[PDB]
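Participant: Sending over data_19.csv (CSV, N, CA and C atoms).
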```csv
chain,number,residue,atom,x,y,z
A,155,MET,N,84.6,280.8,331.7
A,155,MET,CA,85.1,281.6,330.6
A,155,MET,C,84.1,281.7,329.4
A,156,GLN,N,83.8,280.6,328.8
A,156,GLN,CA,83.5,280.5,327.3
A,156,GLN,C,82.0,280.4,327.0
A,157,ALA,N,81.1,280.7,327.9
A,157,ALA,CA,79.7,280.5,327.7
A,157,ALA,C,79.2,281.3,326.5
A,158,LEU,N,79.7,282.6,326.5
A,158,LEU,CA,79.2,283.5,325.4
A,158,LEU,C,79.6,283.0,324.0
A,159,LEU,N,80.8,282.6,323.9
A,159,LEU,CA,81.3,282.1,322.6
A,159,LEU,C,80.5,280.8,322.2
A,160,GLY,N,80.4,279.9,323.2
A,160,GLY,CA,79.6,278.7,322.9
A,160,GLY,C,78.2,279.0,322.4
A,161,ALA,N,77.5,279.9,323.1
A,161,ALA,CA,76.1,280.3,322.7
A,161,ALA,C,76.0,281.0,321.4
A,162,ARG,N,77.0,281.8,321.1
A,162,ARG,CA,77.0,282.5,319.8
A,162,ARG,C,77.2,281.6,318.6
A,163,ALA,N,78.1,280.7,318.8
A,163,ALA,CA,78.3,279.7,317.7
A,163,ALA,C,77.1,278.8,317.6
A,164,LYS,N,76.5,278.4,318.7
A,164,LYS,CA,75.3,277.6,318.7
A,164,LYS,C,74.2,278.2,317.9
A,165,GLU,N,73.9,279.5,318.2
A,165,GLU,CA,72.8,280.2,317.6
A,165,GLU,C,73.1,280.4,316.1
A,166,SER,N,74.3,280.7,315.7
A,166,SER,CA,74.7,280.9,314.3
A,166,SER,C,74.4,279.7,313.5
A,167,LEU,N,75.0,278.5,314.0
A,167,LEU,CA,74.8,277.3,313.3
A,167,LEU,C,73.4,276.9,313.2
A,168,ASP,N,72.6,277.1,314.3
A,168,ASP,CA,71.2,276.8,314.4
A,168,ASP,C,70.4,277.5,313.3
A,169,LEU,N,70.7,278.8,313.2
A,169,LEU,CA,69.9,279.6,312.2
A,169,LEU,C,70.3,279.1,310.8
A,170,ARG,N,71.5,278.9,310.5
A,170,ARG,CA,71.9,278.5,309.2
A,170,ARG,C,71.3,277.1,308.8
A,171,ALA,N,71.5,276.2,309.7
A,171,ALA,CA,70.9,274.8,309.5
A,171,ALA,C,69.4,274.9,309.4
A,172,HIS,N,68.8,275.8,310.2
A,172,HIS,CA,67.3,275.9,310.1
A,172,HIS,C,66.9,276.4,308.7
A,173,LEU,N,67.6,277.4,308.1
A,173,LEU,CA,67.2,277.8,306.8
A,173,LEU,C,67.4,276.6,305.8
A,174,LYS,N,68.5,275.9,305.9
A,174,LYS,CA,68.7,274.7,305.1
A,174,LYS,C,67.6,273.7,305.2
A,175,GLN,N,67.2,273.5,306.5
A,175,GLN,CA,66.1,272.5,306.7
A,175,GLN,C,64.8,272.9,306.1
A,176,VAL,N,64.4,274.2,306.3
A,176,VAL,CA,63.2,274.7,305.8
A,176,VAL,C,63.1,274.7,304.3
A,177,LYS,N,64.3,274.7,303.7
A,177,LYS,CA,64.3,274.6,302.2
A,177,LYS,C,64.3,273.1,301.8
A,178,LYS,N,65.1,272.3,302.5
A,178,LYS,CA,65.3,270.9,302.1
A,178,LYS,C,64.0,270.0,302.3
A,179,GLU,N,63.3,270.3,303.4
A,179,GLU,CA,62.1,269.5,303.7
A,179,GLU,C,61.1,269.7,302.6
A,180,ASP,N,60.8,270.9,302.2
A,180,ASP,CA,59.8,271.1,301.1
A,180,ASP,C,60.3,270.7,299.8
A,181,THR,N,61.6,270.8,299.5
A,181,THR,CA,62.1,270.4,298.2
A,181,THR,C,62.1,268.9,298.1
A,182,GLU,N,62.2,268.1,299.2
A,182,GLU,CA,62.1,266.7,299.2
A,182,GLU,C,60.6,266.3,299.2
A,183,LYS,N,59.7,267.2,299.7
A,183,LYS,CA,58.3,267.0,299.5
A,183,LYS,C,57.9,267.1,298.0
A,184,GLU,N,58.7,267.9,297.2
A,184,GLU,CA,58.4,268.0,295.8
A,184,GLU,C,59.8,267.8,295.1
A,185,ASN,N,60.1,266.5,294.9
A,185,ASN,CA,61.3,266.1,294.2
A,185,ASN,C,61.1,265.0,293.2
A,186,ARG,N,60.0,264.2,293.3
A,186,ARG,CA,59.5,263.3,292.3
A,186,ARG,C,58.5,264.1,291.4
A,187,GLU,N,58.0,265.2,291.9
A,187,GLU,CA,57.1,266.0,291.1
A,187,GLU,C,57.8,267.0,290.2
A,188,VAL,N,59.1,266.8,290.0
A,188,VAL,CA,59.9,267.7,289.2
A,188,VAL,C,60.2,267.1,287.9
A,189,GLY,N,59.4,266.2,287.4
A,189,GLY,CA,59.6,265.5,286.2
A,189,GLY,C,59.4,266.4,285.0
A,190,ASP,N,59.4,265.8,283.8
A,190,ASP,CA,59.3,266.5,282.5
A,190,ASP,C,58.5,265.7,281.6
A,191,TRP,N,58.4,266.1,280.3
A,191,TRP,CA,57.6,265.4,279.3
A,191,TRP,C,58.6,264.5,278.5
A,192,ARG,N,58.1,263.9,277.4
A,192,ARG,CA,58.8,263.0,276.6
A,192,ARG,C,59.0,263.4,275.2
A,193,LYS,N,58.0,264.2,274.6
A,193,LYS,CA,58.1,264.7,273.2
A,193,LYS,C,58.2,263.5,272.2
A,194,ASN,N,57.2,262.7,272.2
A,194,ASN,CA,57.2,261.5,271.3
A,194,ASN,C,57.0,262.0,269.8
A,195,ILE,N,57.6,261.3,268.9
A,195,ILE,CA,57.5,261.6,267.5
A,195,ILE,C,56.8,260.5,266.8
A,196,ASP,N,55.9,260.9,265.9
A,196,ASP,CA,55.1,259.9,265.1
A,196,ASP,C,55.8,259.5,263.8
A,197,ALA,N,56.2,260.5,263.0
A,197,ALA,CA,56.9,260.3,261.8
A,197,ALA,C,56.2,259.5,260.7
A,198,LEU,N,54.8,259.3,260.9
A,198,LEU,CA,54.0,258.6,260.0
A,198,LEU,C,54.6,257.3,259.5
A,199,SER,N,55.3,256.6,260.5
A,199,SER,CA,55.9,255.4,260.1
A,199,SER,C,55.0,254.2,260.0
A,200,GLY,N,53.8,254.3,260.6
A,200,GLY,CA,52.8,253.3,260.6
A,200,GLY,C,51.7,253.4,259.5
A,201,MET,N,51.9,254.3,258.5
A,201,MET,CA,50.9,254.5,257.4
A,201,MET,C,51.2,253.5,256.3
A,202,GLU,N,50.1,253.1,255.7
A,202,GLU,CA,50.1,252.1,254.6
A,202,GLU,C,49.2,252.6,253.4
A,203,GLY,N,48.9,253.9,253.4
A,203,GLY,CA,48.0,254.4,252.3
A,203,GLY,C,48.0,255.9,252.4
A,204,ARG,N,47.2,256.4,251.4
A,204,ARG,CA,47.1,257.9,251.3
A,204,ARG,C,46.0,258.4,252.2
A,205,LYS,N,46.2,259.5,252.8
A,205,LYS,CA,45.2,260.1,253.7
A,205,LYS,C,44.0,260.6,252.9
A,206,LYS,N,42.8,260.5,253.5
A,206,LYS,CA,41.5,260.9,252.8
A,206,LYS,C,41.3,262.4,252.8
A,207,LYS,N,42.2,263.1,253.5
A,207,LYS,CA,42.0,264.6,253.5
A,207,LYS,C,42.4,265.2,252.2
A,208,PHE,N,41.9,266.4,252.0
A,208,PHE,CA,42.2,267.1,250.7
A,208,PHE,C,43.6,267.6,250.6
A,209,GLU,N,44.4,267.6,251.6
A,209,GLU,CA,45.8,268.1,251.6
A,209,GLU,C,46.6,267.1,250.8
A,210,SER,N,46.4,265.8,250.9
A,210,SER,CA,47.2,264.8,250.2
A,210,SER,C,46.3,264.1,249.2
B,57,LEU,N,45.3,246.7,224.5
B,57,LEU,CA,45.3,248.1,225.0
B,57,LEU,C,44.7,248.0,226.4
B,58,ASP,N,43.6,247.4,226.6
B,58,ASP,CA,43.1,247.3,227.9
B,58,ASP,C,44.0,246.6,228.8
B,59,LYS,N,44.7,245.5,228.3
B,59,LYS,CA,45.6,244.9,229.1
B,59,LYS,C,46.8,245.7,229.5
B,60,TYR,N,47.3,246.5,228.5
B,60,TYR,CA,48.5,247.4,228.8
B,60,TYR,C,48.0,248.6,229.7
B,61,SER,N,46.8,249.1,229.5
B,61,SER,CA,46.2,250.2,230.2
B,61,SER,C,46.0,249.8,231.6
B,62,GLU,N,45.5,248.5,231.8
B,62,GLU,CA,45.2,248.0,233.1
B,62,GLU,C,46.5,247.6,233.7
B,63,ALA,N,47.4,247.0,233.0
B,63,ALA,CA,48.7,246.6,233.6
B,63,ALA,C,49.4,247.8,234.0
B,64,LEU,N,49.2,248.9,233.3
B,64,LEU,CA,49.7,250.2,233.6
B,64,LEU,C,48.9,250.8,234.8
B,65,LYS,N,47.6,250.7,234.8
B,65,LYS,CA,47.0,251.4,236.0
B,65,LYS,C,47.5,250.6,237.2
B,66,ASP,N,47.8,249.3,237.1
B,66,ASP,CA,48.2,248.6,238.2
B,66,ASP,C,49.7,248.8,238.5
B,67,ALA,N,50.5,248.9,237.4
B,67,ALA,CA,52.0,249.2,237.7
B,67,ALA,C,52.1,250.6,238.2
B,68,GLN,N,51.2,251.5,237.7
B,68,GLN,CA,51.2,252.9,238.1
B,68,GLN,C,50.6,253.0,239.5
B,69,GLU,N,49.6,252.2,239.9
B,69,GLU,CA,49.0,252.3,241.2
B,69,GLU,C,50.0,251.7,242.2
B,70,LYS,N,50.6,250.6,241.8
B,70,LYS,CA,51.6,250.0,242.6
B,70,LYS,C,52.7,251.0,242.8
B,71,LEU,N,53.1,251.7,241.7
B,71,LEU,CA,54.0,252.8,241.7
B,71,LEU,C,53.6,253.9,242.6
B,72,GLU,N,52.3,254.3,242.6
B,72,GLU,CA,52.0,255.4,243.4
B,72,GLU,C,52.1,255.0,244.9
B,73,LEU,N,51.7,253.7,245.1
B,73,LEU,CA,51.8,253.1,246.4
B,73,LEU,C,53.3,252.9,246.9
B,74,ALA,N,54.1,252.5,245.9
B,74,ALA,CA,55.6,252.3,246.2
B,74,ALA,C,56.2,253.6,246.4
B,75,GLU,N,55.8,254.6,245.6
B,75,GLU,CA,56.3,256.0,245.7
B,75,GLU,C,55.8,256.6,246.9
B,76,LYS,N,54.6,256.3,247.3
B,76,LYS,CA,54.0,256.7,248.6
B,76,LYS,C,54.8,256.0,249.7
B,77,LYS,N,55.0,254.7,249.6
B,77,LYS,CA,55.8,254.0,250.6
B,77,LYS,C,57.1,254.7,250.7
B,78,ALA,N,57.7,255.0,249.6
B,78,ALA,CA,59.0,255.7,249.6
B,78,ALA,C,58.9,257.1,250.1
B,79,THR,N,57.8,257.8,249.9
B,79,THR,CA,57.6,259.1,250.3
B,79,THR,C,57.4,259.1,251.8
B,80,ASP,N,56.7,258.2,252.3
B,80,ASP,CA,56.4,258.1,253.7
B,80,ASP,C,57.6,257.5,254.4
B,81,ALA,N,58.3,256.5,253.8
B,81,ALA,CA,59.4,255.9,254.3
B,81,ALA,C,60.5,257.0,254.4
B,82,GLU,N,60.6,257.8,253.4
B,82,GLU,CA,61.5,258.9,253.3
B,82,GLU,C,61.1,260.0,254.3
B,83,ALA,N,59.8,260.2,254.4
B,83,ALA,CA,59.3,261.2,255.4
B,83,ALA,C,59.8,260.7,256.7
B,84,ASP,N,59.8,259.4,256.9
B,84,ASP,CA,60.4,258.9,258.1
B,84,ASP,C,61.9,258.8,258.0
B,85,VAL,N,62.6,258.6,256.9
B,85,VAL,CA,64.0,258.7,256.9
B,85,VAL,C,64.4,260.0,257.5
B,86,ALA,N,63.7,261.0,257.0
B,86,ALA,CA,63.9,262.4,257.4
B,86,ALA,C,63.4,262.6,258.9
B,87,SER,N,62.3,262.0,259.3
B,87,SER,CA,61.8,262.3,260.7
B,87,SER,C,62.7,261.5,261.6
B,88,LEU,N,63.3,260.4,261.2
B,88,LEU,CA,64.2,259.7,261.9
B,88,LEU,C,65.5,260.5,261.9
B,89,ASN,N,65.9,261.0,260.8
B,89,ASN,CA,67.2,261.8,260.9
B,89,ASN,C,67.0,263.0,261.7
B,90,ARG,N,65.8,263.6,261.8
B,90,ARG,CA,65.6,264.7,262.6
B,90,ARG,C,65.7,264.2,264.1
B,91,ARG,N,65.1,263.1,264.4
B,91,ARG,CA,65.2,262.6,265.8
B,91,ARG,C,66.6,262.2,266.1
B,92,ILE,N,67.3,261.6,265.1
B,92,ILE,CA,68.6,261.1,265.4
B,92,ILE,C,69.4,262.3,265.6
B,93,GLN,N,69.3,263.3,264.8
B,93,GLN,CA,70.1,264.5,265.1
B,93,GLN,C,69.7,265.2,266.3
B,94,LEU,N,68.4,265.2,266.6
B,94,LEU,CA,68.0,265.9,267.9
B,94,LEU,C,68.5,265.1,269.0
B,95,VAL,N,68.5,263.8,269.0
B,95,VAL,CA,69.0,263.0,270.1
B,95,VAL,C,70.5,263.0,270.1
B,96,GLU,N,71.2,262.9,268.9
B,96,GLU,CA,72.6,262.9,268.8
B,96,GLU,C,73.1,264.3,269.3
B,97,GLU,N,72.3,265.3,269.0
B,97,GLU,CA,72.7,266.6,269.5
B,97,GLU,C,72.5,266.7,270.9
B,98,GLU,N,71.4,266.1,271.4
B,98,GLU,CA,71.2,266.1,272.9
B,98,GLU,C,72.2,265.3,273.5
B,99,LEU,N,72.7,264.2,272.8
B,99,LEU,CA,73.7,263.3,273.3
B,99,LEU,C,75.1,264.0,273.3
B,100,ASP,N,75.4,264.8,272.2
B,100,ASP,CA,76.6,265.5,272.2
B,100,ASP,C,76.6,266.5,273.2
B,101,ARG,N,75.4,267.1,273.4
B,101,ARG,CA,75.2,268.1,274.4
B,101,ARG,C,75.3,267.5,275.8
B,102,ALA,N,74.8,266.3,275.9
B,102,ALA,CA,74.8,265.6,277.2
B,102,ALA,C,76.3,265.4,277.5
B,103,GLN,N,77.0,265.0,276.5
B,103,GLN,CA,78.5,264.8,276.6
B,103,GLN,C,79.3,266.1,276.7
B,104,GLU,N,78.8,267.2,276.2
B,104,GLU,CA,79.4,268.5,276.4
B,104,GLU,C,79.2,269.0,277.8
B,105,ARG,N,77.9,268.7,278.2
B,105,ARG,CA,77.5,269.1,279.5
B,105,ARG,C,78.0,268.1,280.5
B,106,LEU,N,78.3,266.9,280.1
B,106,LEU,CA,79.0,265.9,280.9
B,106,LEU,C,80.4,266.3,281.0
B,107,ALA,N,81.1,266.6,279.9
B,107,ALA,CA,82.4,267.1,280.0
B,107,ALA,C,82.5,268.3,280.9
B,108,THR,N,81.5,269.2,280.8
B,108,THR,CA,81.5,270.3,281.6
B,108,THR,C,81.2,269.9,283.0
B,109,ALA,N,80.2,269.0,283.3
B,109,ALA,CA,79.9,268.6,284.6
B,109,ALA,C,81.1,268.0,285.2
B,110,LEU,N,81.9,267.2,284.5
B,110,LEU,CA,83.0,266.6,284.9
B,110,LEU,C,84.1,267.6,285.2
B,111,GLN,N,84.2,268.6,284.3
B,111,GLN,CA,85.1,269.7,284.6
B,111,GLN,C,84.7,270.5,285.8
B,112,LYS,N,83.4,270.7,286.0
B,112,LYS,CA,82.9,271.4,287.1
B,112,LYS,C,82.9,270.5,288.3
B,113,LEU,N,82.9,269.2,288.1
B,113,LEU,CA,83.1,268.3,289.1
B,113,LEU,C,84.6,268.4,289.5
```
Reformat the file's structure so that it appears as structure tokens.

Facilitator:
Amino acid sequence: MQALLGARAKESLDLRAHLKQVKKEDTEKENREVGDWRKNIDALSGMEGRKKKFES
Amino acid sequence: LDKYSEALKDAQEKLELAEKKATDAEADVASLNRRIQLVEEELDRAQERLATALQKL
């Protein structure tokens, strides 16, 4: 009876999972490379004198 | 006069240095308040986004 239904479901799930696989493998290839910056702030907290520039 | 003038250049220099220290310390009170508010805002936003993430969860 059921060979056609079996094969159709098999192919559908295979295609879907194949698309998920071809995205997931490359996104795990680049998943620690998805970092960002820190944006450190100086705030001149370590100064103990006037700057030699003409602005100050 | 020289002693008062010198005591003054020194009180005044110590003042320019103390005022500078205050200016720079204040520049940092402000830079710290900016970072505190940027971080508190990111925190409140992290918490808004958390509350949202939790609501979306």

Participant: I'd like the neighbourhood of region 193-197 of chain A as a PyMOL selection string, where a residue qualifies if any of its atoms comes within 8 Å (using only N, CA and C atoms), though same-chain residues fewer than 6 positions away should be ignored.

Facilitator: chain B and resi 80-81+83-88+91

Participant: Name the residues of chain A that fall into helix (DSSP H, G or I) according to DSSP on the backbone, using the chain letters and numbers of this document, as a list in words.

Facilitator: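 Here is the list: residues 157, 158, 159, 160, 161, 162, 163, 164, 165, 166, 167, 168, 169, 170, 171, 172, 173, 174, 175, 176, 177, 178, 179, 180, 181, 182 and 183 of chain A.
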
Participant: List every residue of chain A that has an atom at most 8 Å from any atom of chain B, and for each one report the closest atom pair and its distance in Å to one decimal, counting all atoms listed in the file, with rows sorted by chain and then by increasing residue number, as CSV.

Facilitator:
```
residue,atom,partner,partner_atom,distance
A:195,CA,B:87,C,7.9
A:196,C,B:87,CA,7.3
A:197,C,B:84,CA,5.0
A:198,C,B:80,C,5.9
A:199,CA,B:84,CA,6.0
A:200,N,B:80,C,7.9
A:201,C,B:77,CA,7.3
A:202,CA,B:77,CA,7.2
A:203,CA,B:73,CA,7.1
A:204,N,B:76,CA,7.4
```

Participant: Have a look at atom C of residue 71 (chain B) and atom N of residue 92 (chain B) and let me know their distance in Å, one decimal.

Facilitator: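 It comes out at 27.4 Å.
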
Participant: For the atom pair atom C of residue 64 (chain B) and CA of residue 206 (chain A), what is the interatomic distance in Å to one decimal place?

Facilitator: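 Interatomic distance, atom C of residue 64 (chain B) to CA of residue 206 (chain A): 21.9 Å.
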